[PDB]
Each structure stands twice: as structure tokens, then as C-alpha cells.
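All remarks here apply to the structure that follows.
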Amino acid sequence: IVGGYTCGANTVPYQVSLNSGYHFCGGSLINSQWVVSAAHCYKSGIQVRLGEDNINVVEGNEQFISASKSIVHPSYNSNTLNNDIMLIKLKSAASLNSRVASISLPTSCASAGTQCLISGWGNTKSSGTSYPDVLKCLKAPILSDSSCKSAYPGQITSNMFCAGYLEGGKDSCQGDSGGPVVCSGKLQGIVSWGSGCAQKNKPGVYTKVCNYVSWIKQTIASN
Ligand SMILES: [Ca+2]
């Protein structure tokens with residue numbers, strides 16, 4: 001997160017850290033046994049870390065659970081990043097509480113202007129690298145489709161939306177990938193891609209979760 005703020009320990013209870021000996025992506029807990037992340041975060045040997053604040057220190061509240069299955073969307077395209085969504089089934093159910101809780105799936109898509117909270121342990125620098133120990137937060141609005149497509153002509157599909165600031169200075173960045181974009185208590189987006197980070201006129205692009213609710217539900221029901 002570039003230009004964001006320190007969330008506060010356990011203030012984003014649905015936020016998970018995907019770990020493989022180091023933090024490589026974020027995710028969202030949608031129930032006691034399932035996490036939603038980005039398809040581009042896929043890899044074997046994923047350990048899901050819940051209840052985390054400082055990812056480099058054991059402080060209490062953490063629950064480390066191995067991924068049982070990682071289900072990348074069947075139509076995911078790695079070149080266009082279309083359908084950049086993945087479900088991860090936990091080997092065992094997480095212990096839900098005040099520090100570890102699931103986020104609701106939306107029943108309808110969010111409109112331009114809606115303010116959302118984006119969080120993650122990704123790079124905090126637009127130019128260079130600087131990874132935080134603790135979770136960073138950023139409130140950003142969903143942009144109009146017209147502004148999104150004019151920023152990335154020919155690259156925005158119906159399963160993507162832009163959120164952020166055209167002036168630059170505030171944006172999600174690498175490391176935040178797979179993480180949540182929550183608006184009004186509902187998971188509306190997943191950190192997907194963009195050009196650089198917090199660059200002027202190059203806002204972040206996110207996976208439009210409302211287009212996948214039926215898929216998520218049907219997949220979870222059959223697994
Ligand atoms: Ca920790």
C-alpha cells in the first residue's frame with residue numbers, strides 16, 4: 001500500500017497472508033474453511049496465515065493453516081489477467097473470533113464513487129522497494145468505467161474495475177495482490193494489477209467479485 005496508514009492490529013479480521021517461507025500475497029476469509037485470493041497468486045505449498053498484524057513476529061492471535069486445495073478459476077488468462085480469482089480450501093477450519101472473522105460476499109455490484117478499504121503487506125514505495133512489518137490500509141473510491149477504460153484502453157474487461165486516485169500517491173502495489181477491497185461490509189474486489197504503483201493517471205485494477213458470486217458458491221458447495 002502506497003500512501004496508506006497503519007490499520008491497527010486485527011482491525012481487518014478477514015485479511016489473510018499467503019505464506020511460502022515469506023509473505024507473497026493477501027487474501028480474504030469468506031468462511032471458516034475458504035479463502036478468496038487472486039489466480040495469479042497461485043503456487044504450491046501455500047500456508048494461510050490468519051489473525052496477523054506484524055508478519056515477522058509471533059504476537060498472539062495468529063493461526064497458521066495449510067491450504068488443502070487451491071482452485072484457480074478455469075477461465076483465468078495469465079496474459080490479460082481476466083478472471084483473476086482463486087479459492088483456497090483450508091486443511092482445517094479456522095477458529096472464528098473477534099480477531100479472525102469472515103467477510104460477506106456482495107449481493108450486487110458497487111457503483112462508481114463507492115468508498116472501499118484496501119489492505120495488505122505489499123510495497124509501500126512507488127519508486128523502489130519497502131515492505132512493512134504491519135498491515136497497511138487505504139480508503140479509495142471505485143472509479144467510473146469510462147475513467148478506467150480511458151486509463152487502460154483495451155485492457156479492461158467486464159470482470160475488472162478501477163479504484164484509487166488519478167492524481168497518484170495512493171494505491172495498492174505488489175505484495176497486496178490477492179488482497180481485499182471491501183465496500184460497505186462486502187468483498188467487492190481483489191487486488192489484481194496496474195501500471196507501477198501510485199502513478200498519476202494509472203489507478204489500480206481489481207477483480208470484480210460480484211461477477212463471481214454464483215461461481216464461488218457453486219464451487220464451494222461441490223468441494
Ligand atoms: Ca505475526
Side-chain angles (χ1 to χ4, degrees), residues 1-70 85-104 116-126 128-140 170-182 185-187 189-192 197-198 204 206-207 209:
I1 306 293
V2 183
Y5 60 92
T6 294
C7 306
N10 305 297
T11 51
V12 187
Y14 49 83
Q15 173 82 234
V16 324
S17 174
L18 297 187
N19 188 276
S20 63
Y22 58 97
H23 163 88
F24 67 91
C25 275
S28 304
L29 187 63
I30 61 164
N31 67 230
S32 63
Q33 244 171 149
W34 292 88
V35 167
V36 172
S37 188
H40 81 264
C41 288
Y42 179 82
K43 80 162 60 169
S44 56
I46 293 177
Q47 180 182 245
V48 179
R49 300 183 167 197
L50 307 166
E52 285 279 12
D53 189 32
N54 184 321
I55 52 162
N56 296 300
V57 175
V58 174
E59 322 156 277
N61 298 308
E62 298 97 344
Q63 286 177 59
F64 293 177
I65 308 178
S66 288
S68 189
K69 324 159 97 291
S70 292
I85 184 171
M86 164 178 82
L87 290 171
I88 296 175
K89 194 183 180 183
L90 299 183
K91 190 180 179 174
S92 57
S95 259
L96 269 23
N97 51 66
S98 46
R99 325 291 216 300
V100 182
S102 52
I103 187 68
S104 297
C116 308
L117 177 72
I118 307 169
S119 44
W121 292 272
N123 191 10
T124 57
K125 291 305 172 184
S126 44
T129 281
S130 186
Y131 294 94
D133 288 319
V134 306
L135 189 65
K136 298 297 174 176
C137 277
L138 175 72
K139 288 163 178 180
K170 293 183 179 177
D171 194 8
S172 49
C173 200
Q174 246 312 348
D176 293 318
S177 306
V181 178
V182 168
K186 305 289 184 181
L187 177 66
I190 298 177
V191 181
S192 192
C197 299
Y206 304 83
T207 301
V209 178

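Numbers for residues simply follow the sequence, beginning at 1. No hydrogens, no waters, no symmetry mates; every other heavy atom, side chains included, goes into these values. First listed ligand is number 1; within each ligand, the first listed atom is number 1.
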Which pairs of donor and acceptor atoms, one on a side chain in residues 45-53, lie under 3.5 Å apart (sequence neighbours left out)?
none

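- Looking only at protein N/O/S atoms, the ones less than 3.0 Å from the Ca ion (ligand 1) make 4 in total.
- Defined by atom type and a distance below 3.5 Å, a donor-acceptor pair is present between the side-chain atoms of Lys136 and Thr6.
- Not one N or O on the side chain of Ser172 forms a donor-acceptor pair closer than 3.5 Å with the backbone of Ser177.
- Using modelled atom types, one finds a donor on one side chain and an acceptor on the other under 3.5 Å when comparing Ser20 with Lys43.
- Contact detail for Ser37 and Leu18: the closest heavy-atom pair is OG-CD1, 3.5 Å.
- A donor-acceptor pair is defined here as one N or O able to donate and one able to accept, closer than 3.5 Å; no such pair exists between the side chain of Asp133 and the backbone of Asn56.
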